[PDB]
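Peer 1: The following block contains the structure, expressed as structure tokens.
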Amino acid sequence: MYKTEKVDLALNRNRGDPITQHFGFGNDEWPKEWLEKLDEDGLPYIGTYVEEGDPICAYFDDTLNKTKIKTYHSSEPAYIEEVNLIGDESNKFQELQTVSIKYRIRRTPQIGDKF
Amino acid sequence: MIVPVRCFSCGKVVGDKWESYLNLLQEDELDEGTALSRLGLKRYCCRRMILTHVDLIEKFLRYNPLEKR
Amino acid sequence: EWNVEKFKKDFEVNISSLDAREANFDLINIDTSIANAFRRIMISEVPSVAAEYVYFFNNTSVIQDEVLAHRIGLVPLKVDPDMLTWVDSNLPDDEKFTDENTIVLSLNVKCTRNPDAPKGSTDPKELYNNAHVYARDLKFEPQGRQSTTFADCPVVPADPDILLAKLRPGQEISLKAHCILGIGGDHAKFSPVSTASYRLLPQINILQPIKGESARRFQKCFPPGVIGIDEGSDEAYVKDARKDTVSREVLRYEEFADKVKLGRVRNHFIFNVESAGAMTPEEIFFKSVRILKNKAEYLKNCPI
Amino acid sequence: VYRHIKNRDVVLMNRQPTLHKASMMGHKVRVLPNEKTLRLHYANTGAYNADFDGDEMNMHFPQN
Amino acid sequence: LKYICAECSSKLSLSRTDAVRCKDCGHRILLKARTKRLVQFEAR
Amino acid sequence: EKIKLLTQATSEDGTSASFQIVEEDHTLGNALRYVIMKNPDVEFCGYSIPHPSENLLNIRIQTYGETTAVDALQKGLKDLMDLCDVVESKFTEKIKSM
RNA sequence: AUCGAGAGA
Ligand SMILES: [Zn+2]
Ligand SMILES: [Zn+2]
């Protein structure tokens, strides 16, 4: 089973306002425990195993001056299939704001599912 | 997709026979029954695994993101 | 009455064939409850070695990591199960695997295009390098003291030409599988037999004599080698009932429905043990019988 | 002590639509070792109008 | 080189405050690459 | 440990008893049942697995007297070991001969 | 939160 979500970081800002959050880590005292799932650019490694409550993305917020992470919100664990970096089509060269993260779910046939 | 290494029903290893089956079909004008017999697949449970394999990995492999196309 | 002495007096074994993979032997005058115990132990109680834990380091191929690890686990190995002990799962993984219970394989194959490919060619072995990954590429890495114990016997798959994966240029697989002892009741990848079953000896009871043109078709209702014709009188008789698989083709004909009954010899079993490759079928049967005996002995010595 | 639901505890089952009171009974709890399906005897199929081709039913746990 | 272009499949590394685009061509979609990290499994 | 006596189904004199064995199945159950039914003194013997998903086996033995269900169980286990030994010996001899 | 498509018994 393949699941895809759009981690759109540019959903709070609107109409040319300055970039609020940047993918990555800040200089604050963020815990080092969540580096096992996130690459140095705040994005998840390909093929890593994520469960409930572990990081999916990491962005530093200037309106908060603190690094905030997202979280895999699903009871069923999955593996990171692919991470797509999408850049906006505008002629200006902005930062990274939209990243697509796909999950892979192992649907081993168990008791209860229909054949 | 890719040839199953072991037969489901019994467990006889049929994963090492897909390429030889294709060779027996291609080079010699052997039909599927004779080719399966010569490969050593006796039980129809073993015969179906190689007779009905689709080998979709060949079609999956043409979408290579690590190569200039 | 019944006694072990009487069973010994009435018990016989008729080994019909014996190869490095398949053994066909008979158990004569034994109980179904014991033959079935032997069959079940052969199928799902004899230990074997197969890949259990896989440590991927990179897999940029079409095959997903879990499918690749499962397919690696399904490969049979030419390893004698007696050369390593059982893993104590209670221990942490730091020292759970030791030099005497785990065999560490490895796979490092990287596909690149072949610049010398002939024009108009479609064969992946000429177009690409390492286009096909085979089980023979599972390189055995000796660890600790086992570099001396496995010196004479290398750890190679029973089938080395198993197609584990396919690749295209730029794609690489780099893993390291650990294979340990396990039984076929835990996972089907551990069962040391392809199939290990039995069957009752068929019985073909000819009631009324069949002679002439009728005996011609009566013979054809069976496999050719079972029913024969007596030289003196043109009768019909059972030459070899082992060569018969019960298809009851006779009972389809009203001509022979009233002249023969089909049955079995309820204490004559025809075993057929095909091994996956790790050990010989005769040793598999030996180990199944010894497992049943040791199970009974352990139960006896257990304090009730 | 908010202890788990043992074998002695009693549970109430229900399969919608609850067309009569027989479609909601109080069963005895038997904690099985395999997960993710409610095991029901064949006697209750007529009572619940239940089936085993994808049917599902609720399990209410009384607290006093 | 942690990223791969989605049209010309050329490895490229992005620094901070940098354009999210390929350099050899002008594609705006970048695929993340898979590095060498241990991913334990079970051969089940 | 592994073998368990179900005291709530055992006769006071020991003539009848019920046993629970963990990590066992039809394999040992049927063999033990067959080898115990050969005892001339046992009146009732049978095996039952309460639930398939659990690894528990139940053995019921009822002797006619002068013995015990435990003694019948021990005799059955010994006779099963002897049967396994004789079949192994005959198979070894046939393997050598061929 | 609302209205549209669909699915299970
Ligand atoms: Zn088969
Ligand atoms: Zn590009």
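Residue numbers in this text run from 1 along the chain shown.
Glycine residues also receive a Cβ, built from the backbone N, Cα and C atoms like all the rest.
Heads up, here are the entries from Swiss-Prot:
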BINDING   E:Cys5, E:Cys8, E:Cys22, E:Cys25  Zn(2+) binding site
ZN_FING   E:5-25  zinc finger
Peer 1: What same-chain residues, at least 6 away in sequence, bring their CB to under 8 Å of the CB of E:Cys8 (Zn(2+) binding site)?
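Peer 2: E:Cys8 (Zn(2+) binding site) has long-range Cβ partners E:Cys22, E:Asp24, E:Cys25, E:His27.
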Peer 1: For the zinc finger (E:5-25), how many residues does DSSP put in helix, in strand and in coil?
Peer 2: 0 helix, 3 strand, 18 coil
Peer 1: How many other Cβ atoms are found within 10 Å of the Cβ atom of E:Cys5 (Zn(2+) binding site), counting all protein chains shown?
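Peer 2: Step by step: centre on the Cβ of E:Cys5 (Zn(2+) binding site), count other Cβ atoms within 10 Å, giving 22.
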Peer 1: Name the residue among the binding-site residues E:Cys22, E:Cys25 whose Cβ has the smallest number of other Cβ atoms within 10 Å.
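Peer 2: Taking E:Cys22, E:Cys25 as the binding-site residues, the minimal 10 Å Cβ count falls on E:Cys25.
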Peer 1: Can you list which of the binding-site residues E:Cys5, E:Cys8, E:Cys22, E:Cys25 come closer than 8 Å to chain B, going by CB to CB distance?
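Peer 2: Contact set vs B: E:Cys8.
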Peer 1: List the other residues in this chain whose Cβ sits within 8 Å of the Cβ centroid of the Zn(2+) site residues E:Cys5, E:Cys8, E:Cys22, E:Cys25, in sequence order.
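Peer 2: So the extra residues in range turn out to be E:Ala6, E:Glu7, E:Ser9, E:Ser10, E:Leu12, E:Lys23, E:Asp24, E:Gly26, E:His27.
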